[PDB]
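Just the one chain here, the form deposited in one PDB entry, laid out as structure tokens.
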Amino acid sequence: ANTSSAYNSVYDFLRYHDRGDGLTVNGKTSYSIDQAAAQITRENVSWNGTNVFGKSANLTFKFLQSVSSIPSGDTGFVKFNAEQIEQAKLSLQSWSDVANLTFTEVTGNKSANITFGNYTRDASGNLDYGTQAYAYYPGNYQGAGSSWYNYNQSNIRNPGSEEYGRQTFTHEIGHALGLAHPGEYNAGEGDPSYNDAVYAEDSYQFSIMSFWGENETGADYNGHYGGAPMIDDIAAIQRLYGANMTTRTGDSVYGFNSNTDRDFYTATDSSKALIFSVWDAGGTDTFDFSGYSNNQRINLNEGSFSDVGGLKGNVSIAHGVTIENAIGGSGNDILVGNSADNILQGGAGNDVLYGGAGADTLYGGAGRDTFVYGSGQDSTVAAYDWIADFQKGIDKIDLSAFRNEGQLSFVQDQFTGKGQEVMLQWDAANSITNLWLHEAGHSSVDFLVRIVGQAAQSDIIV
């Protein structure tokens, strides 16, 4: 019952931002990903009609060059500029990446499902420099799917350099696809706030359809805005149109050295912030967060949140996604794998690595690292872990988790058969050290961790 601090850091991080069940966060009811998704899609409307789910759609979009009138009554129409067009296309792409949607641009007099246009004045003809943007849900009525933005806002005119502009495009397109705010609130109507949120997870950390900052739920993006669908947004849009299983089906790398060709999944250098919820449909994938010096916490479990590059709760993995590998930076990181076979690289700094179930390959990197094992199922003989760069007298292998079944006894070269004993065996021929653990209740030796290098008894934490 007396686990080490290394074990505890993993145990707690695994429960970072727990949600659903009968939990109460910030004095509010906590929603699971699916409950949040249902709430966001409560209008039960999409381009396929009402109460239609898991149905794909082929949609058209258009950059209006002129208008007969804006459905809201606003005036002073202004067409989209070149930068707005490029950014809007990227926002559209971030939605079609995760849901079974196709977007085709149309021009001229052709009608379109989703339209884009700017406004600058109100119905009275007075300049409006206060509002931001709005959009209309799918439907057969005049203006359905149309989105409008205030050209008097610099973030709207320069969405490529002012992050909130791109986020706004993604947000409004969300409405044009059938998504609603996580709560019954609208701009201008009263002075709504996070206090009015129906559930705890109503923030930018979980949905860009929210109006509330990520700080409301404990996350911190240091003034940045993600610009792409977050975890609950992905579940929501997929509920309506189905998941896109053709996206990034090869071996994908997110973060540094990314091969995604998506700005929000790419970090060009250490001064670049990352804010994203990853959707990936196949292949062996890697979270490369090697360019950071900040202490990071990386979790590869689906639905989980990570603390990357000095930010908090800025990276998450969507439900239905399996990410396999992770690379930390020069800081003192915590790398947590999932049930798949993971390759974890701590990088420089003193790191804590936890492979979890499956046959993992672990690299501590330079520094004083700790490889944690919380269960006999973590490294069975049939699917054993490899610690490929273990440093005798420097690194540590943490087995404190087994204390719950009785303190482990270290034996030199033979098992007594009693149980709860650990042994290290050196093979001079291949320079491999086999770490064997005979667990209580096991009639045979079923736990093994193979080490490429030497290891001392004092390197094993029992």
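One-based numbering along the sequence shown.
Engineer: Test of understanding: from the entry's C-alpha B-factors, which stretch has the higher mean, 104-112 or 241-249?
Structural biologist: Comparing 104-112 with 241-249, the higher mean C-alpha B-factor belongs to 104-112.
Engineer: Test of understanding: from the entry's C-alpha B-factors, which stretch has the higher mean, 360-368 or 197-205?
Structural biologist: According to the entry, 197-205 carries the higher average C-alpha B-factor.
Engineer: Have a look at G313, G328, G130, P192 and flag the one whose Cα has the highest B-factor in the entry.
Structural biologist: Among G313, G328, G130, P192, the highest C-alpha B-factor in the entry belongs to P192.
Engineer: Highest CA temperature factor in the entry: which of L435, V52, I70, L64?
Structural biologist: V52 has the highest C-alpha B-factor of those listed.
Engineer: Using only modelled residues of the chain, where does the Cα B factor of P229 rank: lowest third, middle third or highest third?
Structural biologist: According to the entry, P229 has a C-alpha B-factor in the chain's lowest third.
Engineer: Place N350 in the lowest, middle or highest third of its chain's C-alpha B-factors, as listed in the PDB entry.
Structural biologist: Middle third - that is where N350 ends up once the chain's C-alpha B-factors are sorted.
Engineer: Looking at the entry's B-factor column for C-alpha atoms only, identify whether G143 ranks in the lowest, middle or highest third of its chain.
Structural biologist: Tercile = highest for this residue's CA B-factor.
Engineer: Determine, from the deposited record, the chain-internal third of the Cα B-factor for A383: lowest, middle or highest.
Structural biologist: CA B-factor rank for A383: lowest third.
Engineer: Could you look up the Cα B-factor of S270 in the entry and say which third of the chain it sits in: lowest, middle or highest?
Structural biologist: CA B-factor rank for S270: highest third.
Note that the form solved in complex with a partner chain isn't included here; everything after this is about it.
Engineer: Whether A267 contacts the partner chain in the deposited complex should be assessed with a 4.5 Å heavy atom distance threshold; does it?
Structural biologist: Residue-level check for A267: no, no contact with the partner chain.
Engineer: Answer yes if any heavy atom of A135 is within 4.5 Å of a heavy atom of the partner chain in the deposited complex; otherwise answer no.
Structural biologist: Looking in the deposited complex, residue contacts with the partner chain include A135, since a heavy atom lies within 4.5 Å.
Engineer: Is the gap between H175 and the partner chain in the deposited complex 4.5 Å or less for some heavy atom pair?
Structural biologist: The answer is yes: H175 has a heavy atom within 4.5 Å of the partner chain.
Engineer: Indicate whether the partner chain has at least one heavy atom within 4.5 Å of a heavy atom of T168 in the deposited complex.
Structural biologist: Contact check for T168: yes, within 4.5 Å of the partner chain in the deposited complex.
Engineer: I need to confirm a contact call. Of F77, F103, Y164, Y221, which residue comes within 4.5 Å of the partner chain in the deposited complex, counting heavy atoms only?
Structural biologist: Contact check passes for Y164.
Engineer: Of these, 125-133, 327-335, 82-90, 291-299, which stretch puts a heavy atom within 4.5 angstroms of the partner chain in the deposited complex?
Structural biologist: Among the listed stretches, the partner-contacting one is 125-133.
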